[PDB]
Amino acid sequence: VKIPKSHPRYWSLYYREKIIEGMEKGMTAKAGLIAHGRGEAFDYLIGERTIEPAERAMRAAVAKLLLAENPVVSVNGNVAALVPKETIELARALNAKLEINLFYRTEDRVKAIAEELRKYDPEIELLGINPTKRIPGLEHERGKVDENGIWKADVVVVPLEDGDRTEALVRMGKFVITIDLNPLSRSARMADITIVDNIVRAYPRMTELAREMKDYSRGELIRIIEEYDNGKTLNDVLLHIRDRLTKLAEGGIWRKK
Amino acid sequence: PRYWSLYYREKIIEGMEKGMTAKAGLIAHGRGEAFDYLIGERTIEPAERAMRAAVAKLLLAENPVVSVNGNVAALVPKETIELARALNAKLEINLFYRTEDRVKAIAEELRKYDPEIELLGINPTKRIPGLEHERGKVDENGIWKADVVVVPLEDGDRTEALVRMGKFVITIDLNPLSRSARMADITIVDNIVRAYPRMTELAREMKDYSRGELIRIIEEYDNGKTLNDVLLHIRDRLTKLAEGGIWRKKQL
Ligand SMILES: Nc1ncnc2c1ncn2[C@@H]1O[C@H](COP(=O)(O)OP(=O)(O)OP(=O)(O)O)[C@@H](O)[C@H]1O
Ligand SMILES: Nc1ncnc2c1ncn2[C@@H]1O[C@H](COP(=O)(O)OP(=O)(O)OP(=O)(O)O)[C@@H](O)[C@H]1O
Ligand SMILES: [Mg+2]
C-alpha cells in the first residue's frame, strides 16, 4: 500500500490498485479499467459520498428487490475486483441470486470471478457459469444469460452495466436497477431505478437498507416504490453535479490552488 | 453508433497490447471520457479559442516542442506527427512510466506514419528538477531548450515544474479543473482526437497571418476567462439537460 492513511485521495487510490489487481487476476477486462476511470472522474464530481438522490434510489430499489419474485444481482469483472464480499452480503440479505454476467465472457475470466467470490463464501450458489438462454437483441452471445437467473428474473441489479444490455433487458420486460456513477450513460438513462453512487458505497448501504426494510410490511414497501420517480432523481443528480462544479471553481480556477 | 467513443476505446486498449500505453493510461482515458460526457463530446468555442491562441504562440516560437506519451501515441500517432511538421516543431517522447520498451514501442508506432521523423526523448540526458528521475527526463535539444512546449494529457506536477523552468506551457486536457489545466499558460479543453487535427488545420492557415496579427491574438488571450467559459458551458448544459429531463431518452 504505497500511500499514507492521511492521504486526501486515499480511498480513490486504494481502489485504483484493486481494479489493477483485478485485471492481473484475470477478473477485470481492460475495457473495465477505462470504465473505472470514468467512475473516478464522476465520483470526484459528485463528492465521493452517497448523495441524497442516491439514498433515495436505493431505498426504492431495496423495496422493489424485497417484493420481487426472482431477484438477481449481476456480477462482472469490475464488481468482483472491488466489492466481492459486499455483493455476496447484499445477495444474501435480499435472498437474491448471484449471476456472473460479462460482456467479454471467457471461461477463464468466469472462473477467476467464481474463485474470488468463493474466497468469501465457498458455499455460494453461482449462476451464469454455463448460460443457455439469451436476450432478444444484443449480439454474438454478448447477451447470454442463465435460465435460472436473469432469464427467469422480474427484478435485476446490473451494476456498472453496458447500455445495450440494460436497454435490452428493459425491452424483455425486466425491471432494471443499475448502479452507475455516470448519470449521462445510456444505461443510467434507460434503467428503471438508477443509483448514482460508487458501488463500493452503494452495496454496503443497500445491505444495511435490506436489513432494516425486511421488517417493513408490504404496504410500507409499496409506498416507497410508488412514490419513486427515476426521472426527477436523474435530474437532481445533474443539478447536483452542476452545483459542485460552480463550488469547485469559485475563487477562480486558473493559477491555481 | 456511439462509434467514435468505442473506436478510441479500442485504440487505447490496443495501445497497451502494443506496450505503448500503461495501465494507468487506460484509467486516465476513462477520466477523459467522463469530462467529454459533460462537455458534450465536441469542440466547444473556448477550446477553439484556446487552440487559435496556442497555434499563434507555436508559430512564433523559437524552439517549439510537442510532447508525446503512451496515450497520445495510442490515439493520434498520425496526427501528432502532422501537427509537429505543420508547426515546424520537434517531437519528444516524454512519459511518466518511462521504460525502454515503451519508448521503443512508441517510436516504432510513430515511425509507421513517418519513418524519417526525428524523435527526441529516446535517450534524454537532462532533467527537470523537483520531480523524480523517471518522471523528469527531458531531451537536451527538445524540452530542455524549448521556449514553448505542448504537453497533452499531462500530470500536473510536470506541467507546474516546466512552468517553474520558465517554459511557456500549452496543454490539452478534458478536465478544466485539473492541476495541469490550472497551471498551464494555455489550456485547451478538448478531446485530443479532436484538438490535434484542428490545430494542424489552424497551423496551415494561420501561417498566412502577419506576425503582428499573431502577436495580437497571443496578447488578447486570457486562459482564466477561457476556463470559466468552459465551466459555464458545462453548467448551462447540465441545467438544460435537467430542465428537459433525460430518463428514457435516446439522444441527449
Ligand atoms: N466504482 C464504480 N462505482 C459505480 N459505477 C462505476 C464505477 N466504475 C465505473 N462505473 C460506471 O460503470 C459503467 C460501465 O458501463 P460502460 O463501460 O458500458 O459505460 P458506457 O459504455 O460509457 O455507457 P453505455 O454503454 O450505457 O452507453 C460506466 O458508466 C461507469 O461510469
Ligand atoms: N482523449 C483525451 N482527450 C483530452 N484529455 C484527456 C483524454 N484522455 C484523458 N484526458 C485527460 O488527461 C488527464 C490524464 O492524466 P492523469 O489524470 O492520469 O494524470 P495525473 O493527474 O498526474 O494523475 P492523477 O489524476 O491520478 O493524479 C485527465 O485530466 C484526463 O481528463
Ligand atoms: Mg488528474
# chains A, B, ... in the order shown; residues from 1 in each chain; ligands from 1
$ residues_near_ligand --ligand "ligand 2" --cutoff "7 Å" --atoms "only C-alpha atoms and all ligand atoms" --output "compact mmCIF listing (two decimals) with N, CA and C atoms, in the first residue's frame"
# COMPACT_ATOMS: atom_id res chain seq x y z
N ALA B 24 -2.34 2.65 -16.04
CA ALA B 24 -2.87 3.92 -15.54
C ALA B 24 -3.49 4.72 -16.68
N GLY B 25 -2.98 4.50 -17.88
CA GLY B 25 -3.32 5.33 -19.01
C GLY B 25 -4.70 4.98 -19.48
N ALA B 28 -6.89 6.71 -17.14
CA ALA B 28 -6.88 8.12 -17.46
C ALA B 28 -7.79 8.37 -18.68
N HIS B 29 -7.81 7.43 -19.61
CA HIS B 29 -8.65 7.57 -20.78
C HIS B 29 -10.10 7.68 -20.34
N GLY B 30 -10.42 6.96 -19.28
CA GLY B 30 -11.79 6.87 -18.85
C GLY B 30 -12.20 8.17 -18.21
N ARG B 31 -11.33 8.69 -17.35
CA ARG B 31 -11.48 10.03 -16.81
C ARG B 31 -11.74 11.08 -17.88
N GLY B 32 -10.93 11.07 -18.93
CA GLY B 32 -11.14 11.95 -20.05
C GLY B 32 -12.55 11.83 -20.59
N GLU B 33 -13.00 10.61 -20.80
CA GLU B 33 -14.36 10.38 -21.31
C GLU B 33 -15.43 10.99 -20.41
N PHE B 35 -15.33 13.62 -18.50
CA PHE B 35 -15.46 15.04 -18.86
C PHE B 35 -15.97 15.28 -20.27
N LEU B 153 -2.48 15.75 -21.94
CA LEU B 153 -2.79 14.64 -21.05
C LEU B 153 -1.68 14.48 -20.02
N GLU B 154 -1.36 15.56 -19.32
CA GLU B 154 -0.11 15.63 -18.57
C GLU B 154 -0.42 15.56 -17.07
N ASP B 155 0.49 14.97 -16.30
CA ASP B 155 0.46 15.08 -14.83
C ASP B 155 0.72 16.52 -14.38
N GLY B 156 -0.07 17.00 -13.44
CA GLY B 156 0.05 18.39 -13.00
C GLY B 156 1.42 18.78 -12.47
N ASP B 157 2.13 17.85 -11.85
CA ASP B 157 3.43 18.18 -11.28
C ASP B 157 4.44 18.51 -12.38
N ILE B 172 -3.52 20.09 -23.47
CA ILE B 172 -4.82 19.61 -23.93
C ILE B 172 -5.36 18.66 -22.89
N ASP B 173 -6.47 19.04 -22.26
CA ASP B 173 -6.98 18.30 -21.12
C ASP B 173 -8.48 18.47 -21.04
N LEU B 174 -9.20 17.36 -21.02
CA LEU B 174 -10.66 17.42 -20.96
C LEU B 174 -11.13 17.85 -19.58
N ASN B 175 -10.25 17.81 -18.58
CA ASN B 175 -10.65 18.24 -17.26
C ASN B 175 -10.16 19.65 -16.93
N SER B 178 -8.26 20.26 -13.57
CA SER B 178 -7.07 19.52 -13.20
C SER B 178 -5.94 20.46 -12.79
N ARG B 179 -4.99 19.90 -12.07
CA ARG B 179 -3.79 20.63 -11.69
C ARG B 179 -3.10 21.12 -12.96
N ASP B 190 -10.42 19.99 -24.69
CA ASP B 190 -10.99 19.24 -25.80
C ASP B 190 -10.43 17.83 -25.83
N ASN B 191 -11.11 16.92 -26.51
CA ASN B 191 -10.50 15.63 -26.77
C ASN B 191 -9.35 15.78 -27.72
N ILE B 192 -8.20 15.25 -27.33
CA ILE B 192 -7.06 15.31 -28.19
C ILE B 192 -7.36 14.78 -29.61
N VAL B 193 -8.21 13.77 -29.73
CA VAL B 193 -8.52 13.23 -31.06
C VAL B 193 -9.20 14.30 -31.87
$ closest_atom_pairs --of "chain A" --to "ligand 3" --cutoff "12 Å" --atoms "only C-alpha atoms and all ligand atoms" --output "Markdown table"
| residue | atom | partner | partner_atom_place_in_ligand_line | distance |
| --- | --- | --- | --- | --- |
| A:9 | CA | ligand 3 | 1 (Mg) | 11.6 |
| A:37 | CA | ligand 3 | 1 (Mg) | 10.7 |
| A:40 | CA | ligand 3 | 1 (Mg) | 10.5 |
| A:41 | CA | ligand 3 | 1 (Mg) | 8.9 |
| A:44 | CA | ligand 3 | 1 (Mg) | 10.8 |
$ residues_near_ligand --ligand "ligand 1" --cutoff "6 Å" --atoms "only C-alpha atoms and all ligand atoms" --output "PyMOL selection string"
chain A and resi 35-36+38-39+160-163+179-182+185-187+197-199
$ interface_residues --of "chain B" --to "chain A" --cutoff "7 Å" --atoms "only C-alpha atoms" --output "PDB file with N, CA, C and O atoms, in the first residue's frame"
ATOM      1  N   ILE B  13      -6.784   0.450 -25.820  1.00  0.00           N
ATOM      2  CA  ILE B  13      -6.563  -0.927 -25.381  1.00  0.00           C
ATOM      3  C   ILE B  13      -5.490  -1.607 -26.221  1.00  0.00           C
ATOM      4  O   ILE B  13      -4.531  -2.180 -25.694  1.00  0.00           O
ATOM      5  N   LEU B  26      -5.098   3.732 -19.248  1.00  0.00           N
ATOM      6  CA  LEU B  26      -6.459   3.282 -19.534  1.00  0.00           C
ATOM      7  C   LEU B  26      -7.485   3.898 -18.580  1.00  0.00           C
ATOM      8  O   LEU B  26      -8.505   4.442 -19.011  1.00  0.00           O
ATOM      9  N   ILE B  27      -7.153   3.921 -17.295  1.00  0.00           N
ATOM     10  CA  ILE B  27      -7.940   4.681 -16.345  1.00  0.00           C
ATOM     11  C   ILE B  27      -8.019   6.142 -16.765  1.00  0.00           C
ATOM     12  O   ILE B  27      -9.096   6.742 -16.834  1.00  0.00           O
ATOM     13  N   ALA B  28      -6.887   6.708 -17.144  1.00  0.00           N
ATOM     14  CA  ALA B  28      -6.880   8.116 -17.462  1.00  0.00           C
ATOM     15  C   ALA B  28      -7.789   8.374 -18.679  1.00  0.00           C
ATOM     16  O   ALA B  28      -8.509   9.380 -18.741  1.00  0.00           O
ATOM     17  N   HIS B  29      -7.808   7.434 -19.611  1.00  0.00           N
ATOM     18  CA  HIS B  29      -8.651   7.567 -20.785  1.00  0.00           C
ATOM     19  C   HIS B  29     -10.096   7.676 -20.336  1.00  0.00           C
ATOM     20  O   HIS B  29     -10.864   8.477 -20.843  1.00  0.00           O
ATOM     21  N   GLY B  30     -10.423   6.956 -19.281  1.00  0.00           N
ATOM     22  CA  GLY B  30     -11.788   6.874 -18.845  1.00  0.00           C
ATOM     23  C   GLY B  30     -12.202   8.167 -18.209  1.00  0.00           C
ATOM     24  O   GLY B  30     -13.303   8.650 -18.447  1.00  0.00           O
ATOM     25  N   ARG B  31     -11.330   8.693 -17.348  1.00  0.00           N
ATOM     26  CA  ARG B  31     -11.485  10.033 -16.807  1.00  0.00           C
ATOM     27  C   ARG B  31     -11.745  11.080 -17.882  1.00  0.00           C
ATOM     28  O   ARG B  31     -12.587  11.952 -17.720  1.00  0.00           O
ATOM     29  N   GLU B  33     -12.997  10.607 -20.802  1.00  0.00           N
ATOM     30  CA  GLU B  33     -14.358  10.376 -21.306  1.00  0.00           C
ATOM     31  C   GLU B  33     -15.434  10.988 -20.412  1.00  0.00           C
ATOM     32  O   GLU B  33     -16.416  11.562 -20.891  1.00  0.00           O
ATOM     33  N   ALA B  34     -15.255  10.853 -19.103  1.00  0.00           N
ATOM     34  CA  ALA B  34     -16.220  11.379 -18.167  1.00  0.00           C
ATOM     35  C   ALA B  34     -16.423  12.861 -18.441  1.00  0.00           C
ATOM     36  O   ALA B  34     -17.534  13.289 -18.748  1.00  0.00           O
ATOM     37  N   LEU B 177     -10.511  21.411 -14.441  1.00  0.00           N
ATOM     38  CA  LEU B 177     -10.191  21.660 -13.039  1.00  0.00           C
ATOM     39  C   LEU B 177      -8.896  20.974 -12.642  1.00  0.00           C
ATOM     40  O   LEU B 177      -8.433  21.138 -11.517  1.00  0.00           O
ATOM     41  N   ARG B 182      -5.017  23.945 -14.568  1.00  0.00           N
ATOM     42  CA  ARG B 182      -4.896  25.162 -13.774  1.00  0.00           C
ATOM     43  C   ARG B 182      -3.559  25.832 -13.997  1.00  0.00           C
ATOM     44  O   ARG B 182      -3.440  27.033 -13.801  1.00  0.00           O
ATOM     45  N   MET B 183      -2.517  25.022 -14.163  1.00  0.00           N
ATOM     46  CA  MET B 183      -1.134  25.518 -14.193  1.00  0.00           C
ATOM     47  C   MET B 183      -0.675  25.953 -15.603  1.00  0.00           C
ATOM     48  O   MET B 183       0.287  26.688 -15.740  1.00  0.00           O
ATOM     49  N   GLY B 224      -7.631  32.338 -17.931  1.00  0.00           N
ATOM     50  CA  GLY B 224      -8.538  32.317 -16.789  1.00  0.00           C
ATOM     51  C   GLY B 224      -9.981  32.408 -17.252  1.00  0.00           C
ATOM     52  O   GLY B 224     -10.811  31.561 -16.923  1.00  0.00           O
ATOM     53  N   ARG B 235     -21.987  23.873 -16.980  1.00  0.00           N
ATOM     54  CA  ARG B 235     -23.143  24.214 -16.128  1.00  0.00           C
ATOM     55  C   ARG B 235     -24.429  24.501 -16.901  1.00  0.00           C
ATOM     56  O   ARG B 235     -25.465  23.921 -16.598  1.00  0.00           O
ATOM     57  N   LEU B 238     -25.826  21.311 -18.207  1.00  0.00           N
ATOM     58  CA  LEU B 238     -26.437  20.390 -17.256  1.00  0.00           C
ATOM     59  C   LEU B 238     -27.775  20.954 -16.841  1.00  0.00           C
ATOM     60  O   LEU B 238     -28.783  20.232 -16.817  1.00  0.00           O
ATOM     61  N   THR B 239     -27.820  22.280 -16.697  1.00  0.00           N
ATOM     62  CA  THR B 239     -29.079  22.961 -16.428  1.00  0.00           C
ATOM     63  C   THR B 239     -30.090  22.649 -17.527  1.00  0.00           C
ATOM     64  O   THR B 239     -31.229  22.307 -17.250  1.00  0.00           O
ATOM     65  N   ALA B 242     -31.222  18.898 -17.422  1.00  0.00           N
ATOM     66  CA  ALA B 242     -32.139  18.613 -16.313  1.00  0.00           C
ATOM     67  C   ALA B 242     -33.552  19.137 -16.583  1.00  0.00           C
ATOM     68  O   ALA B 242     -34.533  18.397 -16.441  1.00  0.00           O
ATOM     69  N   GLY B 245     -35.145  16.936 -18.849  1.00  0.00           N
ATOM     70  CA  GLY B 245     -35.146  15.536 -18.455  1.00  0.00           C
ATOM     71  C   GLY B 245     -34.385  14.669 -19.437  1.00  0.00           C
ATOM     72  O   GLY B 245     -34.220  15.042 -20.586  1.00  0.00           O
ATOM     73  N   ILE B 246     -33.909  13.517 -18.959  1.00  0.00           N
ATOM     74  CA  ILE B 246     -33.066  12.621 -19.731  1.00  0.00           C
ATOM     75  C   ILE B 246     -33.560  11.161 -19.667  1.00  0.00           C
ATOM     76  O   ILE B 246     -33.314  10.364 -20.565  1.00  0.00           O
ATOM     77  N   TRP B 247     -34.277  10.818 -18.609  1.00  0.00           N
ATOM     78  CA  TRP B 247     -34.682   9.452 -18.396  1.00  0.00           C
ATOM     79  C   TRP B 247     -35.443   8.943 -19.621  1.00  0.00           C
ATOM     80  O   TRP B 247     -36.268   9.650 -20.190  1.00  0.00           O
ATOM     81  N   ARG B 248     -35.072   7.757 -20.078  1.00  0.00           N
ATOM     82  CA  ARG B 248     -35.758   7.086 -21.177  1.00  0.00           C
ATOM     83  C   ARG B 248     -35.606   7.755 -22.535  1.00  0.00           C
ATOM     84  O   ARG B 248     -36.145   7.266 -23.516  1.00  0.00           O
ATOM     85  N   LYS B 249     -34.775   8.785 -22.613  1.00  0.00           N
ATOM     86  CA  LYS B 249     -34.480   9.427 -23.891  1.00  0.00           C
ATOM     87  C   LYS B 249     -33.288   8.778 -24.599  1.00  0.00           C
ATOM     88  O   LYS B 249     -32.305   8.382 -23.963  1.00  0.00           O
TER      89      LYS B 249
END
$ residues_around --residues "stretch 56-69 of chain A" --least-positions-apart "3" --cutoff "7 Å" --atoms "only C-alpha atoms" --output "PyMOL selection string"
chain A and resi 52-53+94+154-155+177+193-195+206+209-210+221+224-225+228
$ write_last_selection --atoms "C-alpha atoms" --output "PDB file, in the first residue's frame"
ATOM      1  CA  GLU A  52     -29.380  12.094  -1.290  1.00  0.00           C
ATOM      2  CA  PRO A  53     -30.576  11.261  -4.810  1.00  0.00           C
ATOM      3  CA  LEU A  94     -32.112  -9.847  -0.330  1.00  0.00           C
ATOM      4  CA  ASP A 154     -38.552  -9.988 -12.679  1.00  0.00           C
ATOM      5  CA  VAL A 155     -36.088  -7.593 -10.983  1.00  0.00           C
ATOM      6  CA  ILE A 177     -31.875  -1.361 -11.261  1.00  0.00           C
ATOM      7  CA  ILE A 193     -34.004   2.811 -10.946  1.00  0.00           C
ATOM      8  CA  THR A 194     -30.626   4.421 -11.351  1.00  0.00           C
ATOM      9  CA  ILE A 195     -28.411   4.679  -8.294  1.00  0.00           C
ATOM     10  CA  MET A 206     -28.114  -1.454   0.163  1.00  0.00           C
ATOM     11  CA  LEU A 209     -31.127  -0.915   3.905  1.00  0.00           C
ATOM     12  CA  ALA A 210     -32.263  -4.521   3.263  1.00  0.00           C
ATOM     13  CA  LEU A 221     -42.524  -1.077   0.823  1.00  0.00           C
ATOM     14  CA  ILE A 224     -41.766   3.721  -1.196  1.00  0.00           C
ATOM     15  CA  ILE A 225     -41.772   2.132  -4.653  1.00  0.00           C
ATOM     16  CA  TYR A 228     -40.244   6.930  -6.535  1.00  0.00           C
TER      17      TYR A 228
END
$ decode --residues "stretch 6-37 of chain A" --atoms "N, CA, C and O atoms" --output "PDB file, in the first residue's frame"
ATOM      1  N   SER A   6      -3.269   9.266   5.668  1.00  0.00           N
ATOM      2  CA  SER A   6      -3.642  10.666   5.799  1.00  0.00           C
ATOM      3  C   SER A   6      -4.043  11.222   4.438  1.00  0.00           C
ATOM      4  O   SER A   6      -4.592  12.320   4.343  1.00  0.00           O
ATOM      5  N   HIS A   7      -3.724  10.475   3.387  1.00  0.00           N
ATOM      6  CA  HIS A   7      -3.823  10.995   2.041  1.00  0.00           C
ATOM      7  C   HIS A   7      -5.260  11.377   1.697  1.00  0.00           C
ATOM      8  O   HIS A   7      -6.187  10.639   2.011  1.00  0.00           O
ATOM      9  N   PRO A   8      -5.455  12.574   1.124  1.00  0.00           N
ATOM     10  CA  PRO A   8      -6.811  13.019   0.818  1.00  0.00           C
ATOM     11  C   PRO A   8      -7.483  12.192  -0.283  1.00  0.00           C
ATOM     12  O   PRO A   8      -8.696  12.197  -0.378  1.00  0.00           O
ATOM     13  N   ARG A   9      -6.696  11.481  -1.089  1.00  0.00           N
ATOM     14  CA  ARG A   9      -7.238  10.628  -2.145  1.00  0.00           C
ATOM     15  C   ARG A   9      -7.097   9.152  -1.798  1.00  0.00           C
ATOM     16  O   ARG A   9      -6.983   8.310  -2.684  1.00  0.00           O
ATOM     17  N   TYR A  10      -7.013   8.841  -0.516  1.00  0.00           N
ATOM     18  CA  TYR A  10      -6.571   7.514  -0.104  1.00  0.00           C
ATOM     19  C   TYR A  10      -7.467   6.421  -0.701  1.00  0.00           C
ATOM     20  O   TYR A  10      -6.986   5.370  -1.114  1.00  0.00           O
ATOM     21  N   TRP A  11      -8.779   6.621  -0.638  1.00  0.00           N
ATOM     22  CA  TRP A  11      -9.699   5.530  -0.926  1.00  0.00           C
ATOM     23  C   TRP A  11      -9.781   5.337  -2.418  1.00  0.00           C
ATOM     24  O   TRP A  11      -9.482   4.263  -2.942  1.00  0.00           O
ATOM     25  N   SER A  12      -9.972   6.453  -3.098  1.00  0.00           N
ATOM     26  CA  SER A  12      -9.798   6.522  -4.533  1.00  0.00           C
ATOM     27  C   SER A  12      -8.557   5.745  -4.977  1.00  0.00           C
ATOM     28  O   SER A  12      -8.640   4.819  -5.779  1.00  0.00           O
ATOM     29  N   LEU A  13      -7.414   6.092  -4.403  1.00  0.00           N
ATOM     30  CA  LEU A  13      -6.160   5.479  -4.800  1.00  0.00           C
ATOM     31  C   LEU A  13      -6.159   4.001  -4.479  1.00  0.00           C
ATOM     32  O   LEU A  13      -5.648   3.196  -5.255  1.00  0.00           O
ATOM     33  N   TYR A  14      -6.717   3.641  -3.329  1.00  0.00           N
ATOM     34  CA  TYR A  14      -6.768   2.237  -2.910  1.00  0.00           C
ATOM     35  C   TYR A  14      -7.541   1.401  -3.948  1.00  0.00           C
ATOM     36  O   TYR A  14      -7.119   0.304  -4.321  1.00  0.00           O
ATOM     37  N   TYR A  15      -8.624   1.965  -4.477  1.00  0.00           N
ATOM     38  CA  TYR A  15      -9.497   1.210  -5.394  1.00  0.00           C
ATOM     39  C   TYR A  15      -8.925   1.091  -6.785  1.00  0.00           C
ATOM     40  O   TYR A  15      -9.117   0.074  -7.447  1.00  0.00           O
ATOM     41  N   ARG A  16      -8.163   2.097  -7.191  1.00  0.00           N
ATOM     42  CA  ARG A  16      -7.362   2.012  -8.408  1.00  0.00           C
ATOM     43  C   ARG A  16      -6.470   0.769  -8.370  1.00  0.00           C
ATOM     44  O   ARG A  16      -6.465  -0.024  -9.300  1.00  0.00           O
ATOM     45  N   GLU A  17      -5.803   0.554  -7.239  1.00  0.00           N
ATOM     46  CA  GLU A  17      -4.982  -0.633  -7.070  1.00  0.00           C
ATOM     47  C   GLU A  17      -5.844  -1.878  -7.150  1.00  0.00           C
ATOM     48  O   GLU A  17      -5.445  -2.870  -7.741  1.00  0.00           O
ATOM     49  N   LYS A  18      -7.025  -1.836  -6.543  1.00  0.00           N
ATOM     50  CA  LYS A  18      -7.875  -3.016  -6.507  1.00  0.00           C
ATOM     51  C   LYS A  18      -8.324  -3.423  -7.895  1.00  0.00           C
ATOM     52  O   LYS A  18      -8.478  -4.610  -8.175  1.00  0.00           O
ATOM     53  N   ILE A  19      -8.546  -2.449  -8.770  1.00  0.00           N
ATOM     54  CA  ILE A  19      -9.011  -2.764 -10.122  1.00  0.00           C
ATOM     55  C   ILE A  19      -7.860  -3.205 -11.011  1.00  0.00           C
ATOM     56  O   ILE A  19      -8.055  -3.967 -11.964  1.00  0.00           O
ATOM     57  N   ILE A  20      -6.660  -2.722 -10.706  1.00  0.00           N
ATOM     58  CA  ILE A  20      -5.452  -3.215 -11.387  1.00  0.00           C
ATOM     59  C   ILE A  20      -5.257  -4.709 -11.098  1.00  0.00           C
ATOM     60  O   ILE A  20      -5.316  -5.532 -12.010  1.00  0.00           O
ATOM     61  N   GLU A  21      -5.153  -5.054  -9.813  1.00  0.00           N
ATOM     62  CA  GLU A  21      -5.065  -6.446  -9.379  1.00  0.00           C
ATOM     63  C   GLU A  21      -6.139  -7.234 -10.067  1.00  0.00           C
ATOM     64  O   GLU A  21      -5.906  -8.348 -10.562  1.00  0.00           O
ATOM     65  N   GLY A  22      -7.350  -6.697 -10.014  1.00  0.00           N
ATOM     66  CA  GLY A  22      -8.474  -7.390 -10.597  1.00  0.00           C
ATOM     67  C   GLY A  22      -8.089  -7.886 -11.973  1.00  0.00           C
ATOM     68  O   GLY A  22      -8.507  -8.968 -12.397  1.00  0.00           O
ATOM     69  N   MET A  23      -7.377  -7.043 -12.716  1.00  0.00           N
ATOM     70  CA  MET A  23      -7.085  -7.339 -14.116  1.00  0.00           C
ATOM     71  C   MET A  23      -6.052  -8.438 -14.209  1.00  0.00           C
ATOM     72  O   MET A  23      -6.172  -9.332 -15.036  1.00  0.00           O
ATOM     73  N   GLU A  24      -5.084  -8.404 -13.304  1.00  0.00           N
ATOM     74  CA  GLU A  24      -3.985  -9.348 -13.355  1.00  0.00           C
ATOM     75  C   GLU A  24      -4.277 -10.588 -12.529  1.00  0.00           C
ATOM     76  O   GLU A  24      -3.450 -11.477 -12.437  1.00  0.00           O
ATOM     77  N   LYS A  25      -5.481 -10.671 -11.974  1.00  0.00           N
ATOM     78  CA  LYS A  25      -6.017 -11.945 -11.542  1.00  0.00           C
ATOM     79  C   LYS A  25      -6.863 -12.579 -12.638  1.00  0.00           C
ATOM     80  O   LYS A  25      -7.509 -13.608 -12.412  1.00  0.00           O
ATOM     81  N   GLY A  26      -6.988 -11.881 -13.762  1.00  0.00           N
ATOM     82  CA  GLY A  26      -7.850 -12.329 -14.862  1.00  0.00           C
ATOM     83  C   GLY A  26      -9.334 -12.035 -14.684  1.00  0.00           C
ATOM     84  O   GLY A  26     -10.153 -12.549 -15.441  1.00  0.00           O
ATOM     85  N   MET A  27      -9.681 -11.139 -13.757  1.00  0.00           N
ATOM     86  CA  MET A  27     -11.099 -10.841 -13.465  1.00  0.00           C
ATOM     87  C   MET A  27     -11.628  -9.728 -14.348  1.00  0.00           C
ATOM     88  O   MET A  27     -12.630  -9.896 -15.047  1.00  0.00           O
ATOM     89  N   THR A  28     -10.943  -8.591 -14.321  1.00  0.00           N
ATOM     90  CA  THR A  28     -11.445  -7.399 -14.981  1.00  0.00           C
ATOM     91  C   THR A  28     -10.758  -7.143 -16.315  1.00  0.00           C
ATOM     92  O   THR A  28      -9.536  -7.242 -16.443  1.00  0.00           O
ATOM     93  N   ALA A  29     -11.589  -7.043 -17.343  1.00  0.00           N
ATOM     94  CA  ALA A  29     -11.168  -6.638 -18.665  1.00  0.00           C
ATOM     95  C   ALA A  29     -10.479  -5.292 -18.648  1.00  0.00           C
ATOM     96  O   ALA A  29     -10.601  -4.515 -17.694  1.00  0.00           O
ATOM     97  N   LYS A  30      -9.730  -5.053 -19.715  1.00  0.00           N
ATOM     98  CA  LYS A  30      -9.057  -3.793 -19.948  1.00  0.00           C
ATOM     99  C   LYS A  30     -10.092  -2.709 -20.057  1.00  0.00           C
ATOM    100  O   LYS A  30      -9.907  -1.600 -19.547  1.00  0.00           O
ATOM    101  N   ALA A  31     -11.164  -3.030 -20.771  1.00  0.00           N
ATOM    102  CA  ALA A  31     -12.241  -2.073 -21.007  1.00  0.00           C
ATOM    103  C   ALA A  31     -12.792  -1.624 -19.673  1.00  0.00           C
ATOM    104  O   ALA A  31     -13.280  -0.510 -19.549  1.00  0.00           O
ATOM    105  N   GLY A  32     -12.633  -2.476 -18.663  1.00  0.00           N
ATOM    106  CA  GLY A  32     -13.173  -2.211 -17.354  1.00  0.00           C
ATOM    107  C   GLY A  32     -12.351  -1.159 -16.637  1.00  0.00           C
ATOM    108  O   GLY A  32     -12.857  -0.488 -15.729  1.00  0.00           O
ATOM    109  N   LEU A  33     -11.052  -1.137 -16.942  1.00  0.00           N
ATOM    110  CA  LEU A  33     -10.119  -0.138 -16.407  1.00  0.00           C
ATOM    111  C   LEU A  33     -10.503   1.260 -16.884  1.00  0.00           C
ATOM    112  O   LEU A  33     -10.545   2.227 -16.104  1.00  0.00           O
ATOM    113  N   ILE A  34     -10.913   1.345 -18.140  1.00  0.00           N
ATOM    114  CA  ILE A  34     -11.381   2.605 -18.674  1.00  0.00           C
ATOM    115  C   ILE A  34     -12.658   3.054 -17.983  1.00  0.00           C
ATOM    116  O   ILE A  34     -12.781   4.206 -17.549  1.00  0.00           O
ATOM    117  N   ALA A  35     -13.533   2.099 -17.744  1.00  0.00           N
ATOM    118  CA  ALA A  35     -14.775   2.353 -17.040  1.00  0.00           C
ATOM    119  C   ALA A  35     -14.520   2.776 -15.588  1.00  0.00           C
ATOM    120  O   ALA A  35     -15.241   3.610 -15.069  1.00  0.00           O
ATOM    121  N   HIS A  36     -13.493   2.211 -14.952  1.00  0.00           N
ATOM    122  CA  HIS A  36     -13.120   2.597 -13.593  1.00  0.00           C
ATOM    123  C   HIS A  36     -12.697   4.056 -13.481  1.00  0.00           C
ATOM    124  O   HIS A  36     -13.286   4.821 -12.725  1.00  0.00           O
ATOM    125  N   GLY A  37     -11.831   4.470 -14.393  1.00  0.00           N
ATOM    126  CA  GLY A  37     -11.557   5.884 -14.634  1.00  0.00           C
ATOM    127  C   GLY A  37     -12.784   6.750 -14.852  1.00  0.00           C
ATOM    128  O   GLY A  37     -12.851   7.867 -14.329  1.00  0.00           O
TER     129      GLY A  37
END
